[PDB]
Amino acid sequence: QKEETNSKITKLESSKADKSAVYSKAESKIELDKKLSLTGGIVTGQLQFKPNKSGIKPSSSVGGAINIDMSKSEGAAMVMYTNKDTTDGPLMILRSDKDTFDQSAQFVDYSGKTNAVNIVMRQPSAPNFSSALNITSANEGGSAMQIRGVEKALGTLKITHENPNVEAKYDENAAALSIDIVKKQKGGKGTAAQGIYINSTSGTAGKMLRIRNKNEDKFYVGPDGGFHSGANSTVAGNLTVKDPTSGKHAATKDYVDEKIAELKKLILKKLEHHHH
Amino acid sequence: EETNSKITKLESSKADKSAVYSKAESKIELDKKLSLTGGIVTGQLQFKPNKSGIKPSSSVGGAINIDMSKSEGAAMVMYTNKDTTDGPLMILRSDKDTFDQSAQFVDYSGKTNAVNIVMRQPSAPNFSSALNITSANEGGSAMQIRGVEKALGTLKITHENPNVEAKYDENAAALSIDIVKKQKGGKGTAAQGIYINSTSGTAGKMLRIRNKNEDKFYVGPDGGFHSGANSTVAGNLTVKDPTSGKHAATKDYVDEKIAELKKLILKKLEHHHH
Amino acid sequence: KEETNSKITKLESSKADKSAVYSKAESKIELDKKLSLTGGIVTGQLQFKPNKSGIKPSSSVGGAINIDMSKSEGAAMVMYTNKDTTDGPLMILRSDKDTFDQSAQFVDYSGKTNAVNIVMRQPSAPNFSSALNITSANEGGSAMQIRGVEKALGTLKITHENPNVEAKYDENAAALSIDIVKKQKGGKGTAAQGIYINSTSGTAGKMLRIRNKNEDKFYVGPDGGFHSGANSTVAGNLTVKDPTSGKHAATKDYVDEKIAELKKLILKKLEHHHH
Ligand SMILES: CC(=O)N[C@@H]1[C@@H](O[C@@H]2O[C@H](C(=O)O)[C@@H](O[C@@H]3O[C@H](CO)[C@@H](O)[C@H](O[C@@H]4O[C@H](C(=O)O)[C@@H](O[C@@H]5O[C@H](CO)[C@@H](O)[C@H](O[C@@H]6OC(C(=O)O)=C[C@H](O)[C@H]6O)[C@H]5NC(C)=O)[C@H](O)[C@H]4O)[C@H]3NC(C)=O)[C@H](O)[C@H]2O)[C@H](O)[C@@H](CO)O[C@H]1O
Ligand SMILES: CC(=O)N[C@@H]1[C@@H](O[C@@H]2O[C@H](C(=O)O)[C@@H](O[C@@H]3O[C@H](CO)[C@@H](O)[C@H](O[C@@H]4O[C@H](C(=O)O)[C@@H](O[C@@H]5O[C@H](CO)[C@@H](O)[C@H](O[C@@H]6OC(C(=O)O)=C[C@H](O)[C@H]6O)[C@H]5NC(C)=O)[C@H](O)[C@H]4O)[C@H]3NC(C)=O)[C@H](O)[C@H]2O)[C@H](O)[C@@H](CO)O[C@H]1O
Ligand SMILES: CC(=O)N[C@@H]1[C@@H](O[C@@H]2O[C@H](C(=O)O)[C@@H](O[C@@H]3O[C@H](CO)[C@@H](O)[C@H](O[C@@H]4O[C@H](C(=O)O)[C@@H](O[C@@H]5O[C@H](CO)[C@@H](O)[C@H](O)[C@H]5NC(C)=O)[C@H](O)[C@H]4O)[C@H]3NC(C)=O)[C@H](O)[C@H]2O)[C@H](O)[C@@H](CO)O[C@H]1O
Ligand SMILES: CC(=O)N[C@@H]1[C@@H](O[C@@H]2O[C@H](C(=O)O)[C@@H](O[C@@H]3O[C@H](CO)[C@@H](O)[C@H](O[C@@H]4OC(C(=O)O)=C[C@H](O)[C@H]4O)[C@H]3NC(C)=O)[C@H](O)[C@H]2O)[C@H](O)[C@@H](CO)O[C@H]1O
Ligand SMILES: CC(=O)N[C@@H]1[C@@H](O[C@@H]2O[C@H](C(=O)O)[C@@H](O[C@@H]3O[C@H](CO)[C@@H](O)[C@H](O[C@@H]4OC(C(=O)O)=C[C@H](O)[C@H]4O)[C@H]3NC(C)=O)[C@H](O)[C@H]2O)[C@H](O)[C@@H](CO)O[C@H]1O
Ligand code: NI
């Protein structure tokens with residue numbers, strides 16, 4: 001015992017941490033479990049990104065406010081899933097508001113051996129008016145959509161219509177491609193727009209329009225504009241042509257009339273001076 | 001004496017080492033958690049909102065919201081250099097056929113292409129596309145496009161020869177259409193290739209075909225056509241009786257002119273005297 | 001008294017020093033720098049680098065990020081900008097290996113509106129830009145494919161709408177515009193076709209049907225026969241079959257043979273008439 005164990009007690013009261021002024025390990029676990037671990041976890045509220053002088057890059061490998069690199073991992077980078085019956089908005093939205101914006105909303109830069117982007121609308125229980133992909137532009141200065149391919153032996157755009165039913169005449173009103181040409185919806189007075197415009201700006205040796213059925217040629221328009229039709233055909237009007245110079249060329253009115261006039265002349269000549 | 005009270009107050013009121021983290025242990029535990037200023041996540045981050053005030057708003061909504069208004073750079077980049085893998089990079093999925101919104105909505109103002117998909121040149125050509133579209137919904141068009149072009153096509157397709165040699169692409173086309181029966185047990189099809197219409201009515205050509213920018217064939221708004229070269233029908237062609245020199249003559253026209261000449265000649269024959 | 005120096009040494013041993021632990025307030029400061037699972041604002045780059053981390057391809061539960069909206073209103077993800085200009089696209093998907101055997105994006109959609117919907121809004125000034133641009137340099141495959149099963153519609157539906165009230169303003173426009181070009185770098189030409197229509201199975205339908213105000217104007221039928229609904233022209237000869245009906249076009253052979261028959265009959269009547 002002394003008078004100075006009271007010094008040692010005061011050193012402990014001074015130098016050791018009070019319970020009320022620090023978190024216990026259990027309180028710490030509680031508070032840490034409310035935070036996202038780098039190894040994964042479940043976010044139940046809104047996660048907002050608001051980068052601001054944050055070194056975010058445009059790079060298509062290392063950029064982005066979010067960047068997901070799957071180079072060393074199996075699996076998808078990102079999945080958005082819903083089994084909801086109905087809801088108040090789309091799964092994914094990309095939006096840009098300034099008409100000076102000089103980049104795309106979405107850029108896909110794809111190397112690989114399957115389809116870069118693949119959009120599937122599954123069979124509904126009841127048919128309805130909806131599409132896999134809808135495109136709309138209100139920009140008059142540009143094509144709403146552009147496609148450019150380098151196919152050796154295929155179409156740049158390939159469209160297949162497939163009968164949804166087993167019965168051969170169920171799809172008789174359907175088409176692979178349907179084109180409409182309309183006046184302005186709000187107060188338009190008409191339109192002069194064309195349906196299909198085909199050109200070859202460099203010049204092609206190929207057929208401009210080729211039609212087949214069961215793989216057999218039925219109708220074509222050649223590079224010179226001449227056509228070949230494979231069956232009986234009709235013009236509800238006159239057909240202007242060149243005068244024929246071969247047996248199966250269509251005859252003109254001039255050709256008929258000239259032939260008639262030649263025969264006439266020869267016969268009238270024989271009539272005016274036959275003797276018995 | 002009464003210092004055993006003071007000792008018991010310290011044993012009661014002071015924190016035990018075993019029951020609290022050191023500063024060093026705290027750093028370790030904090031470094032495992034994501035800083036608001038950024039970090040690297042190495043596991044799955046799952047979003048499971050549930051009565052969480054998530055909105056549909058195309059500016060402030062989303063379980064994730066990225067606003068790039070005040071920042072340079074991309075909002076999001078998904079990248080892979082992997083040789084092969086077990087699934088697509090991004091997937092959107094909706095399971096109920098009553099679902100009444102889109103999987104993806106792009107709302108774009110700007111002066112370049114809103115969405116831009118590029119398939120790069122492979123080492124070896126293969127059957128794969130930039131964009132593949134499939135619908136099993138018979139009540140709707142698989143794809144729809146609407147544009148308001150002053151002087152362009154709503155859809156522009158260009159085919160470009162992949163090779164220097166002029167004939168290499170002789171089996172290619174800009175647009176290729178096929179019309180097929182149902183794959184599982186179908187008995188045939190009556191579907192059409194191309195259906196063009198103007199529901200309001202157009203003064204324009206329905207089909208206009210050029211080569212090197214010079215008109216070669218067209219179909220006009222009335223259905224009449226102009227062909228720019230020798231042509232063939234493997235069959236009969238029905239026309240109207242000609243009323244001008246270069247109109248094609250009908251069988252009736254030929255026969256009536258033959259009959260008129262006949263009549264005139266037989267009349268002169270039956271009635272001349274010597 | 002005397003031996004409580006053991007009890008003091010047990011306190012010096014067992015109790016935490018102030019200097020070696022964070023106060024509650026220091027802890028709050030450090031925790032407030034970290035993201036709460038209930039939400040918050042990230043201001044730097046969030047990087048995902050999974051590496052033997054059990055990430056799956058599943059279109060319901062996979063992904064380094066997975067968003068399930070089954071139990072919640074709202075969008076899964078929103079990317080927005082009101083910026084004037086910037087240095088790159090909002091969203092980017094990129095794959096580098098030409099052996100890569102999956103898609104960049106897969107949309108598996110059931111529902112009753114459009115799966116993917118791309119809208120280019122009206123700009124202040126017309127310009128050359130599109131809602132959707134597609135480009136392939138793969139010669140072995142079609143740049144784009146579409147398959148549909150429509151009962152009574154087109155698989156691809158294209159509408160051109162006049163941007164202006166005046167009827168002739170859009171006279172150079174088209175619903176579909178096709179070009180056929182040689183290779184840009186040193187190409188010697190092309191033999192590619194414009195439009196190729198086929199039915200591999202065989203169709204009873206018209207191959208090409210053109211209407212104006214819903215009335216048939218021109219068509220090509222399943223057999224290749226055409227019907228044109230107005231005055232028409234060939235700048236050249238037209239080969240046809242010899243006519244066997246009144247309105248069939250007459251051939252040169254038909255004209256010549258009928259001329260020769262009449263000739264024969266007349267010369268015969270001439271060499272044998274008597275008065
Ligand atoms: C159908 C038809 O006939 N239409 C006619 C028009 O023709 C069309 O023109 C368009 C057009 O050019 O506007 C053509 O589309 C282009 O097609 C190209 C493929 O051949 C696409 O690459 C191009 O898209 C651009 O590609 C850039 C690229 O090279 O990758 C992208 O830029 C990169 O962006 C990323 C992300 O921001 C950056 O990371 C990257 O950078 C580099 O990053 C890195 C790194 O490691 O991350 C390293 C480097 O050091 C960095 O520099 C960018 N790269 C560069 C080079 O800057 C662009 O974002 C992307 O847009 C397509 N162009 C567009 C605008 O879409 C189409 O093929 C034609 O058909 C014709 O123009 C018109 C008038 O004549 O008439 C029409 O009828
Ligand atoms: C090719 C052809 O001829 N087809 C024929 C059919 O024509 C096609 O019709 C479709 C159609 O109408 O179904 C046309 O597609 C529409 O095109 C419009 C452009 O002209 C698009 O805007 C429209 O897309 C819809 O756009 C909505 C919009 O109002 O902009 C979106 O709604 C917004 O969604 C966001 C995100 O969920 C919400 O935030 C927002 O809300 C507001 O939010 C905010 C905010 O700051 O966030 C502020 C406001 O206070 C809130 O109210 C929504 N907006 C509002 C106000 O509701 C939709 O999500 C999006 O769908 C296109 N519509 C569709 C369904 O795709 C196409 O142009 C035509 O070609 C024709 O229908 C048919 C005739 O029988 O025949 C076909 O052959
Ligand atoms: C237009 C035309 O005539 N073109 C023809 C070609 O025709 C086309 O063939 C395509 C083809 O490649 O087969 C057809 O596309 C396929 O369409 C179906 C819908 O009918 C679509 O489902 C295919 O996408 C694939 O879908 C599967 C799926 O089963 O859902 C996806 O796999 C799944 O992935 C998720 C996520 O990773 C997993 O969770 C899930 O477990 C997994 N499921 C399974 C079973 O593994 C897969 O990712 C996806 O590819 C789609 N196929 C492709 C490759 O896109 C197209 O409809 C059709 O028109 C024709 O093939 C050729 C023949 O020479 O000629 C062309 O002219
Ligand atoms: C109304 C009419 O019949 N006009 C007659 C006129 O025919 C028209 O010719 C013009 C033309 O060649 O100038 C055609 O305009 C072309 O239309 C296509 C499709 O809409 C469009 O792609 C062309 O734009 C050019 O093409 C592209 C491209 O990306 O496709 C790039 C060029 O830079 C771009 O400008 C467009 N051409 C122009 C210059 O606008 C129109 O379709 C025809 O109807 C005919 O030539 C003359 C002489 O007989 O008479 C008129 O009455
Ligand atoms: C088999 C055959 O030759 N039928 C003859 C028939 O021609 C058919 O006419 C119908 C019709 O106009 O009623 C055509 O059907 C139309 O086909 C297109 C292309 O698939 C489709 O877009 C039409 O859908 C309508 O489209 C629109 C719209 O504005 O886009 C509005 C409507 O809601 C939508 O349904 C579709 N029309 C309908 C109602 O089915 C068909 O393609 C032609 O083959 C001809 O009219 C009659 C009389 O001479 O004879 C038949 O033999
Ligand atoms: Ni006589």
# chains A, B, ... in the order shown; residues from 1 in each chain; ligands from 1
>>> residues_near_ligand(ligand="ligand 6", cutoff="7 Å", atoms="only C-alpha atoms and all ligand atoms", output="PyMOL selection string")
(chain A and resi 274-276) or (chain B and resi 272-274) or (chain C and resi 273-275)
>>> write_last_selection(atoms="C-alpha atoms", output="PDB file, in the first residue's frame")
ATOM      1  CA  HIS A 274     -54.221  -7.389-164.722  1.00  0.00           C
ATOM      2  CA  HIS A 275     -55.421  -8.723-168.107  1.00  0.00           C
ATOM      3  CA  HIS A 276     -57.462 -11.903-168.881  1.00  0.00           C
TER       4      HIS A 276
ATOM      5  CA  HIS B 272     -64.157  -3.455-161.588  1.00  0.00           C
ATOM      6  CA  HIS B 273     -64.951  -3.455-165.363  1.00  0.00           C
ATOM      7  CA  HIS B 274     -62.878  -3.643-168.614  1.00  0.00           C
TER       8      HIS B 274
ATOM      9  CA  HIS C 273     -61.851 -14.155-161.596  1.00  0.00           C
ATOM     10  CA  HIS C 274     -63.884 -13.846-164.869  1.00  0.00           C
ATOM     11  CA  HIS C 275     -66.451 -11.239-166.089  1.00  0.00           C
TER      12      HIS C 275
END
>>> residues_around(residues="residue 215 in chain B", least_positions_apart="2", cutoff="10 Å", atoms="only C-alpha atoms", output="list in words")
residues 198, 199, 224 and 225 of chain A; 208, 209, 210, 211, 212, 213, 217, 218, 226, 227 and 228 of chain B
>>> write_last_selection(atoms="C-alpha atoms", output="PDB file, in the first residue's frame")
ATOM      1  CA  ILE A 198     -32.399   0.943-105.425  1.00  0.00           C
ATOM      2  CA  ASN A 199     -29.092   2.285-106.817  1.00  0.00           C
ATOM      3  CA  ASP A 224     -29.611  -2.471-117.744  1.00  0.00           C
ATOM      4  CA  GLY A 225     -33.226  -2.092-116.518  1.00  0.00           C
TER       5      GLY A 225
ATOM      6  CA  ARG B 208     -37.256   3.252-108.591  1.00  0.00           C
ATOM      7  CA  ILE B 209     -34.173   1.394-109.698  1.00  0.00           C
ATOM      8  CA  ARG B 210     -30.955   3.030-110.885  1.00  0.00           C
ATOM      9  CA  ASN B 211     -27.474   1.834-111.807  1.00  0.00           C
ATOM     10  CA  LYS B 212     -24.600   4.336-111.733  1.00  0.00           C
ATOM     11  CA  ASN B 213     -27.265   6.973-110.795  1.00  0.00           C
ATOM     12  CA  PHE B 217     -36.599   0.673-114.181  1.00  0.00           C
ATOM     13  CA  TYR B 218     -39.448   2.208-112.253  1.00  0.00           C
ATOM     14  CA  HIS B 226     -40.877   1.992-117.397  1.00  0.00           C
ATOM     15  CA  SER B 227     -38.158  -0.511-118.329  1.00  0.00           C
ATOM     16  CA  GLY B 228     -34.929   0.808-119.831  1.00  0.00           C
TER      17      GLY B 228
END
>>> select_by_dssp(residues="range 94-260 of chain C", states="strand (DSSP E)", output="ChimeraX atom specification")
/C:94-95,105-109,116-120,132-136,144-148,154-161,174-181,193-197,208-212,215-220,226-228,232-234,238-239
>>> write_last_selection(atoms="C-alpha atoms", output="PDB file, in the first residue's frame")
ATOM      1  CA  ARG C  94     -16.807  -4.458 -76.157  1.00  0.00           C
ATOM      2  CA  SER C  95     -15.371  -7.864 -76.900  1.00  0.00           C
ATOM      3  CA  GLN C 105     -26.057  -8.270 -75.522  1.00  0.00           C
ATOM      4  CA  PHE C 106     -28.955 -10.718 -75.286  1.00  0.00           C
ATOM      5  CA  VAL C 107     -32.508  -9.555 -74.717  1.00  0.00           C
ATOM      6  CA  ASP C 108     -34.906 -12.340 -73.720  1.00  0.00           C
ATOM      7  CA  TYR C 109     -38.288 -10.625 -73.683  1.00  0.00           C
ATOM      8  CA  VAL C 116     -36.251  -2.709 -77.415  1.00  0.00           C
ATOM      9  CA  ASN C 117     -37.401   0.789 -78.338  1.00  0.00           C
ATOM     10  CA  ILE C 118     -34.976   3.348 -79.844  1.00  0.00           C
ATOM     11  CA  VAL C 119     -36.126   6.889 -80.349  1.00  0.00           C
ATOM     12  CA  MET C 120     -34.227   9.762 -81.959  1.00  0.00           C
ATOM     13  CA  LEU C 132     -29.680   2.866 -85.296  1.00  0.00           C
ATOM     14  CA  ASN C 133     -26.457   2.229 -87.185  1.00  0.00           C
ATOM     15  CA  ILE C 134     -25.354  -1.296 -87.996  1.00  0.00           C
ATOM     16  CA  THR C 135     -22.011  -2.207 -89.604  1.00  0.00           C
ATOM     17  CA  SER C 136     -20.309  -5.521 -90.271  1.00  0.00           C
ATOM     18  CA  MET C 144     -28.514  -8.196 -89.826  1.00  0.00           C
ATOM     19  CA  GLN C 145     -31.133 -10.931 -89.566  1.00  0.00           C
ATOM     20  CA  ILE C 146     -34.833 -10.741 -88.831  1.00  0.00           C
ATOM     21  CA  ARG C 147     -37.295 -13.604 -88.423  1.00  0.00           C
ATOM     22  CA  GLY C 148     -41.019 -13.191 -87.644  1.00  0.00           C
ATOM     23  CA  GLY C 154     -44.881  -7.680 -92.539  1.00  0.00           C
ATOM     24  CA  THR C 155     -41.940  -9.175 -90.635  1.00  0.00           C
ATOM     25  CA  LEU C 156     -40.248  -5.811 -91.091  1.00  0.00           C
ATOM     26  CA  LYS C 157     -42.598  -2.827 -91.231  1.00  0.00           C
ATOM     27  CA  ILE C 158     -41.165   0.447 -92.520  1.00  0.00           C
ATOM     28  CA  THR C 159     -43.105   3.679 -92.569  1.00  0.00           C
ATOM     29  CA  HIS C 160     -41.904   6.919 -94.119  1.00  0.00           C
ATOM     30  CA  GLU C 161     -43.873   9.935 -92.896  1.00  0.00           C
ATOM     31  CA  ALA C 174     -38.045   6.794 -99.718  1.00  0.00           C
ATOM     32  CA  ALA C 175     -39.103   4.185 -97.162  1.00  0.00           C
ATOM     33  CA  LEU C 176     -36.217   1.912 -98.257  1.00  0.00           C
ATOM     34  CA  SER C 177     -32.985   3.083 -99.919  1.00  0.00           C
ATOM     35  CA  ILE C 178     -30.490   0.581-101.271  1.00  0.00           C
ATOM     36  CA  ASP C 179     -26.954   1.107-102.519  1.00  0.00           C
ATOM     37  CA  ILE C 180     -24.540  -1.406-104.035  1.00  0.00           C
ATOM     38  CA  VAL C 181     -20.895  -0.383-103.915  1.00  0.00           C
ATOM     39  CA  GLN C 193     -27.727  -7.745-106.429  1.00  0.00           C
ATOM     40  CA  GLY C 194     -30.234  -5.222-105.075  1.00  0.00           C
ATOM     41  CA  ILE C 195     -33.160  -7.231-103.810  1.00  0.00           C
ATOM     42  CA  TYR C 196     -33.306 -11.029-103.780  1.00  0.00           C
ATOM     43  CA  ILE C 197     -36.750 -12.486-103.047  1.00  0.00           C
ATOM     44  CA  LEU C 208     -44.176  -8.316-104.935  1.00  0.00           C
ATOM     45  CA  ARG C 209     -47.375  -6.365-104.374  1.00  0.00           C
ATOM     46  CA  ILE C 210     -47.540  -2.615-104.746  1.00  0.00           C
ATOM     47  CA  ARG C 211     -50.550  -0.521-103.853  1.00  0.00           C
ATOM     48  CA  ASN C 212     -51.325   3.186-103.626  1.00  0.00           C
ATOM     49  CA  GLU C 215     -55.625  -0.224-104.406  1.00  0.00           C
ATOM     50  CA  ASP C 216     -53.477  -2.742-106.286  1.00  0.00           C
ATOM     51  CA  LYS C 217     -51.247  -1.019-108.899  1.00  0.00           C
ATOM     52  CA  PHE C 218     -48.492  -3.475-109.739  1.00  0.00           C
ATOM     53  CA  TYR C 219     -47.713  -7.015-108.707  1.00  0.00           C
ATOM     54  CA  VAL C 220     -45.495  -9.961-109.497  1.00  0.00           C
ATOM     55  CA  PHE C 226     -46.761  -9.419-113.545  1.00  0.00           C
ATOM     56  CA  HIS C 227     -49.727  -7.074-113.641  1.00  0.00           C
ATOM     57  CA  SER C 228     -49.155  -3.349-114.256  1.00  0.00           C
ATOM     58  CA  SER C 232     -46.112   1.558-119.473  1.00  0.00           C
ATOM     59  CA  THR C 233     -42.987   1.669-121.587  1.00  0.00           C
ATOM     60  CA  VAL C 234     -40.112  -0.523-122.647  1.00  0.00           C
ATOM     61  CA  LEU C 238     -40.310  -6.947-125.847  1.00  0.00           C
ATOM     62  CA  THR C 239     -40.284 -10.636-126.631  1.00  0.00           C
TER      63      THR C 239
END
>>> residues_near_ligand(ligand="ligand 2", cutoff="6 Å", atoms="only C-alpha atoms and all ligand atoms", output="list in words")
residues 89, 90 and 136 of chain A; 56, 57, 58, 59, 144, 145 and 146 of chain B; 114, 117, 157, 158 and 159 of chain C
>>> residues_near_ligand(ligand="ligand 3", cutoff="6 Å", atoms="only C-alpha atoms and all ligand atoms", output="PyMOL selection string")
(chain A and resi 115+118+120+158-160) or (chain B and resi 87-88+134) or (chain C and resi 57-59+145-147)
>>> write_last_selection(atoms="N, CA, C and O atoms", output="short mmCIF file (atom, residue, chain, number, x, y, z; two decimals), in the first residue's frame")
data_model
loop_
_atom_site.label_atom_id
_atom_site.label_comp_id
_atom_site.auth_asym_id
_atom_site.auth_seq_id
_atom_site.Cartn_x
_atom_site.Cartn_y
_atom_site.Cartn_z
N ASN A 115 -23.74 -13.78 -82.83
CA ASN A 115 -24.43 -12.51 -83.10
C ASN A 115 -24.09 -11.48 -82.02
O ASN A 115 -24.21 -11.78 -80.83
N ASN A 118 -28.52 -9.76 -79.92
CA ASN A 118 -29.52 -10.80 -80.22
C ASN A 118 -30.79 -10.48 -79.43
O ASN A 118 -30.75 -10.47 -78.18
N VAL A 120 -34.79 -11.31 -78.79
CA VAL A 120 -35.81 -12.33 -78.97
C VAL A 120 -37.13 -11.95 -78.29
O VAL A 120 -37.12 -11.71 -77.08
N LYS A 158 -31.07 -9.87 -94.06
CA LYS A 158 -31.80 -11.11 -94.37
C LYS A 158 -33.09 -11.09 -93.56
O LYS A 158 -33.06 -11.02 -92.32
N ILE A 159 -34.22 -11.14 -94.25
CA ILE A 159 -35.50 -11.22 -93.58
C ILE A 159 -36.15 -12.53 -93.98
O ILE A 159 -36.29 -12.83 -95.13
N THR A 160 -36.57 -13.28 -92.99
CA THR A 160 -37.38 -14.48 -93.18
C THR A 160 -38.73 -14.30 -92.53
O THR A 160 -38.81 -13.97 -91.34
N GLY B 87 -21.49 -17.18 -71.39
CA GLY B 87 -22.67 -16.36 -71.59
C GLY B 87 -22.43 -14.96 -72.05
O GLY B 87 -21.30 -14.46 -72.03
N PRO B 88 -23.51 -14.30 -72.47
CA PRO B 88 -23.40 -12.97 -73.01
C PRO B 88 -22.97 -11.95 -71.98
O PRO B 88 -23.17 -12.17 -70.79
N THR B 134 -35.58 -11.89 -83.68
CA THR B 134 -36.50 -13.04 -83.78
C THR B 134 -37.73 -12.80 -82.94
O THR B 134 -37.62 -12.48 -81.79
N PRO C 57 -23.56 -17.26 -65.96
CA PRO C 57 -24.20 -16.75 -67.18
C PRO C 57 -25.72 -16.64 -67.09
O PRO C 57 -26.35 -16.13 -68.00
N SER C 58 -26.33 -17.20 -66.07
CA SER C 58 -27.80 -17.24 -65.94
C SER C 58 -28.45 -15.90 -66.23
O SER C 58 -28.11 -14.87 -65.64
N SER C 59 -29.45 -15.94 -67.09
CA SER C 59 -30.23 -14.79 -67.47
C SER C 59 -31.23 -14.41 -66.38
O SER C 59 -31.97 -13.46 -66.59
N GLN C 145 -30.15 -9.90 -89.35
CA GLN C 145 -31.13 -10.93 -89.57
C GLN C 145 -32.41 -10.61 -88.82
O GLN C 145 -32.38 -10.22 -87.66
N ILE C 146 -33.53 -10.88 -89.46
CA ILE C 146 -34.83 -10.74 -88.83
C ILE C 146 -35.66 -11.95 -89.19
O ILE C 146 -35.75 -12.29 -90.33
N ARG C 147 -36.31 -12.54 -88.21
CA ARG C 147 -37.29 -13.60 -88.42
C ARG C 147 -38.56 -13.29 -87.63
O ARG C 147 -38.50 -12.95 -86.49
#
>>> closest_residue(among="C:244, C:4, C:164, C:103", to="chain B", atoms="only C-alpha atoms")
C:103
>>> closest_atom_pairs(of="chain A", to="ligand 4", cutoff="9 Å", atoms="only C-alpha atoms and all ligand atoms", output="tab-separated table")
residue	atom	partner	partner_atom_place_in_ligand_line	distance
A:142	CA	ligand 4	29 (O)	8.7
A:143	CA	ligand 4	29 (O)	8.2
A:192	CA	ligand 4	1 (C)	7.3
A:193	CA	ligand 4	20 (O)	8.0
A:194	CA	ligand 4	42 (O)	7.2
A:196	CA	ligand 4	19 (C)	8.3
A:197	CA	ligand 4	19 (C)	5.8
A:198	CA	ligand 4	19 (C)	8.2
A:199	CA	ligand 4	18 (C)	8.5
A:201	CA	ligand 4	26 (O)	8.9
>>> write_last_selection(atoms="N, CA, C and O atoms", output="mmCIF file, in the first residue's frame")
data_model
loop_
_atom_site.group_PDB
_atom_site.id
_atom_site.type_symbol
_atom_site.label_atom_id
_atom_site.label_comp_id
_atom_site.auth_asym_id
_atom_site.auth_seq_id
_atom_site.Cartn_x
_atom_site.Cartn_y
_atom_site.Cartn_z
ATOM 1 N N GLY A 142 -31.630 12.744 -91.722
ATOM 2 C CA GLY A 142 -30.885 11.498 -91.630
ATOM 3 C C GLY A 142 -31.798 10.308 -91.751
ATOM 4 O O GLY A 142 -32.985 10.349 -91.358
ATOM 5 N N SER A 143 -31.245 9.241 -92.287
ATOM 6 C CA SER A 143 -31.967 7.956 -92.286
ATOM 7 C C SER A 143 -32.172 7.468 -90.853
ATOM 8 O O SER A 143 -31.267 7.470 -90.062
ATOM 9 N N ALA A 192 -45.091 12.849 -101.546
ATOM 10 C CA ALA A 192 -44.568 12.424 -102.807
ATOM 11 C C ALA A 192 -43.431 11.418 -102.630
ATOM 12 O O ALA A 192 -42.652 11.178 -103.538
ATOM 13 N N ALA A 193 -43.329 10.813 -101.474
ATOM 14 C CA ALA A 193 -42.165 9.961 -101.175
ATOM 15 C C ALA A 193 -42.294 8.649 -101.928
ATOM 16 O O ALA A 193 -43.370 8.193 -102.200
ATOM 17 N N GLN A 194 -41.153 8.069 -102.234
ATOM 18 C CA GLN A 194 -41.034 6.803 -102.931
ATOM 19 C C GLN A 194 -41.014 5.584 -101.987
ATOM 20 O O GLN A 194 -40.740 5.684 -100.788
ATOM 21 N N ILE A 196 -39.444 2.060 -102.626
ATOM 22 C CA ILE A 196 -38.120 1.472 -102.637
ATOM 23 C C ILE A 196 -37.285 2.173 -103.701
ATOM 24 O O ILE A 196 -37.690 2.275 -104.876
ATOM 25 N N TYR A 197 -36.107 2.624 -103.291
ATOM 26 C CA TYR A 197 -35.144 3.267 -104.167
ATOM 27 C C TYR A 197 -33.920 2.363 -104.157
ATOM 28 O O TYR A 197 -33.285 2.199 -103.111
ATOM 29 N N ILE A 198 -33.611 1.756 -105.279
ATOM 30 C CA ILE A 198 -32.399 0.943 -105.425
ATOM 31 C C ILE A 198 -31.411 1.679 -106.355
ATOM 32 O O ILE A 198 -31.795 2.174 -107.411
ATOM 33 N N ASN A 199 -30.136 1.731 -105.967
ATOM 34 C CA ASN A 199 -29.092 2.285 -106.817
ATOM 35 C C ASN A 199 -27.816 1.473 -106.663
ATOM 36 O O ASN A 199 -27.661 0.714 -105.692
ATOM 37 N N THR A 201 -24.168 3.229 -106.809
ATOM 38 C CA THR A 201 -23.427 4.430 -107.115
ATOM 39 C C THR A 201 -22.133 4.111 -107.871
ATOM 40 O O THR A 201 -21.812 4.840 -108.811
#
